[PDB]
Protein chains: 2
Amino acid sequence: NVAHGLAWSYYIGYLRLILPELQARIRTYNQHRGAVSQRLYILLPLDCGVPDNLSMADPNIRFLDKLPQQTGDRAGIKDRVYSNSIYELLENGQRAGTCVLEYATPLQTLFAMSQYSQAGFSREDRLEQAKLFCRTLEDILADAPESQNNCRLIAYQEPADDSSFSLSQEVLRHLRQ
Amino acid sequence: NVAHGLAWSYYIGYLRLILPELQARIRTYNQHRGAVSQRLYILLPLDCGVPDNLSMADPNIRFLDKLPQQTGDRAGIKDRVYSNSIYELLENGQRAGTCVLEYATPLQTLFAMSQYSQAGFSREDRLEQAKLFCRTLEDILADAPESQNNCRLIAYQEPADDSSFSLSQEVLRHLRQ
Ligand SMILES: O=C(O)CCC(=O)c1cc(-c2c[nH]c3c(F)cccc23)cs1
Ligand SMILES: O=C(O)CCC(=O)c1cc(-c2c[nH]c3c(F)cccc23)cs1
């Protein structure tokens with residue numbers, strides 16, 4: 001299935017390469033008002049909507065700073081640059097958590113494939129494939145050596161057509177545990 | 001199939017985002033001994049072997065310089081950095097071409113999946129899936145609006161067990177046309 005390959009490729013081509021150096025980069029930031037959490041938090045919206053600006057998805061998610069960059073030679077790209085962003089999570093006007101946060105970009109591919117006739121991916125299959133992506137990635141990371149309390153997947157389905165939804169509260173549930 | 005999804009994800013998640021700005025970045029480099037070619041050259045080894053150092057794959061492929069970086073907000077990563085590398089191609093001691101060059105990183109995922117028992121991808125399926133990746137990507141890019149004489153795929157199979165192979169000569173065949 002499409003989602004199976006995408007989950008494996010996201011581990012192999014991205015997470016396996018950034019997760020081993022992540023806690024070092026975070027420790028460095030914290031040492032040079034509240035330490036940044038030690039894990040990469042990955043947003044997995046099951047509606048596969050991936051905005052590029054996180055603060056427009058919820059005003060209580062506020063960009064704070066960039067992590068120091070990681071670079072490595074990758075596939076002929078000399079000093080390929082991996083950048084990641086740190087966010088503050090607010091709750092009733094209070095800073096309640098700080099963490100490295102981003103969306104899983106493969107879900108934006110599921111979204112786009114579903115709109116392109118030539119991709120052979122029907123619009124109505126997005127949700128099932130997003131669920132399959134989330135399950136496959138969780139199963140990969142549970143057994144992966146580069147994941148050492150390094151990463152937390154935050155999967156969520158914003159309520160059917162309508163009701164109240166808070167992305168920042170979804171992240172905070174995981175941060176608190 | 002695995003390769004179908006990976007080809008679509010490589011277009012959607014990478015090429016669609018860097019190709020529109022590529023000729024601008026190249027024009028800038030050329031203006032601020034022989035101009036860099038106007039296209040991104042993508043190496044598609046059908047054996048799915050993707051080294052991170054290109055000059056160790058062939059001594060006639062020599063790193064020259066980095067393209068100026070492109071940055072954009074991407075999935076919550078503020079100023080996500082896209083770096084690309086420029087190479088000189090030599091032939092009998094002469095510089096015969098200059099171009100932005102890198103490997104298609106999805107082929108390294110096909111290679112890795114084929115070695116991981118949990119990925120359900122048999123070792124003997126690599127070649128067929130690499131061929132399918134190459135065909136799917138060519139068909140995507142042929143109809144893609146962001147590809148305007150912007151990109152050239154270089155697919156090759158290094159001779160069965162043994163005979164002479166020159167990666168630099170493979171790239172030069174395409175550069176010359
Ligand atoms: O996506 C960004 O730009 C920030 C994260 C990053 O640098 C990378 C992501 C992947 C990747 C592996 N598989 C993918 C897929 F199936 C769809 C989209 C992206 C990817 C390789 S590197
Ligand atoms: O791979 C690098 O780090 C340099 C190029 C780059 O930045 C990106 C690549 C992709 C990607 C989309 N699909 C992929 C897949 F299936 C396997 C591996 C990578 C990718 C997203 S961004």
Side-chain angles (χ1 to χ4, degrees), chain A residues 1-14 16 42-43 50-55 57 61 63 65-66 69 71-87 100-113 116 118-121 129 136 139-140 143, chain B residues 1-14 16 42-43 50-55 57 61 63 65-66 69 71-87 100-113 116 118-121 129 136 139-140 143:
Chain A
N1 246 320
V2 165
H4 173 91
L6 302 191
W8 275 98
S9 72
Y10 187 62
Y11 168 65
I12 290 165
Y14 180 60
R16 181 181 51 87
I42 305 173
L43 297 172
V50 179
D52 295 321
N53 186 313
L54 240 179
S55 327
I61 301 187
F63 171 84
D65 220 0
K66 295 172 182 173
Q69 291 179 343
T71 66
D73 293 350
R74 177 79 179 137
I77 304 166
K78 194 189 164 69
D79 306 323
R80 201 286 208 198
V81 178
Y82 305 85
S83 191
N84 311 84
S85 287
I86 306 157
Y87 288 82
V100 189
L101 188 64
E102 66 198 52
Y103 285 93
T105 36
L107 296 172
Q108 188 266 326
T109 282
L110 294 178
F111 187 92
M113 286 178 79
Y116 289 137
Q118 183 194 338
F121 186 118
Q129 290 295 307
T136 305
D139 288 354
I140 291 169
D143 223 25
Chain B
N1 246 320
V2 165
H4 173 91
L6 302 191
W8 275 98
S9 72
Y10 187 62
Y11 168 65
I12 290 165
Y14 180 60
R16 181 181 51 87
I42 305 173
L43 297 172
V50 179
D52 295 321
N53 186 313
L54 240 179
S55 327
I61 301 187
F63 171 84
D65 220 0
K66 295 172 182 173
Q69 291 179 343
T71 66
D73 293 350
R74 177 79 179 137
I77 304 166
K78 194 189 164 69
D79 306 323
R80 201 286 208 198
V81 178
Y82 305 85
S83 191
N84 311 84
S85 287
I86 306 157
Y87 288 82
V100 189
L101 188 64
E102 66 198 52
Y103 285 93
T105 36
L107 296 172
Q108 188 266 326
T109 282
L110 294 178
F111 187 92
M113 286 178 79
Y116 289 137
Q118 183 194 338
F121 186 118
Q129 290 295 307
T136 305
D139 288 354
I140 291 169
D143 223 25

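So you know, we letter chains A, B, ... as the sequences are listed, proteins then strands, and number each from 1. All values below come from the heavy atoms of this structure, side chains included, with hydrogens, waters and symmetry mates left out.
- Ranked by non-hydrogen atom pairs under 4.5 Å with chain A, the options B:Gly5, B:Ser9, B:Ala7, B:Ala112 are led by B:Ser9.
- Considering CZ of B:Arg80 and OG of A:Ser85, their distance stands at 12.0 Å, rounded to 0.5 Å.
- To the nearest 0.5 Å, atoms CG (A:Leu6) and CH2 (B:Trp8) are separated by 13.0 Å.
- Side-chain contact between A:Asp143 and A:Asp139 is absent, with no heavy-atom pair separated by less than 4.5 Å.
- Note: A:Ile86 CD1 to B:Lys78 NZ = 13.0 Å, rounded to the nearest 0.5 Å.
- Contact annotation: the side chain of B:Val50 never approaches that of B:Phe111 to less than 4.5 Å [non-hydrogen atoms, C-beta and beyond].
- The most heavy-atom pairs under 4.5 Å with chain B, out of A:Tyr82, A:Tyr116, A:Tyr87, come from A:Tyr116.
- When each of A:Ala3, A:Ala57, A:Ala119 is checked for heavy-atom pairs under 4.5 Å with chain B, A:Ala119 comes out on top.
- Contacts of B:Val81 with chain A are made by both backbone and side-chain atoms, with heavy-atom separations under 4.5 Å.
- Residue B:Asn1 does not touch chain A at all, counting heavy-atom pairs closer than 4.5 Å.
- Here B:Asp79 is the residue among B:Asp79, B:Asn53, B:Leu101 with the most heavy-atom pairs under 4.5 Å with chain A.
- Using a 4.5 Å cut-off between heavy atoms, B:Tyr14 contacts chain A through its side chain alone, with no backbone atom that close.
- Of the two parts of A:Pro106, neither the backbone nor the side chain holds a non-hydrogen atom closer than 4.5 Å to a non-hydrogen atom of chain B.
- Of the listed residues A:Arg74, A:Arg16, A:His4, A:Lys66, the one with more heavy-atom pairs under 4.5 angstrom with chain B than any other is A:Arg74.
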Show your reasoning for whether side chain to side chain contact (heavy atoms under 4.5 Å, CB included) applies to A:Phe63 and A:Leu54.
CA-CA 8 Å; A:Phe63 171 84; A:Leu54 240 179; over 6 Å; no
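- B:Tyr103 is linked by a ring pair (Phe, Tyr, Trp, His ring centres under 6.0 Å) to nothing, counting only residues two or more places apart in sequence or in another chain.
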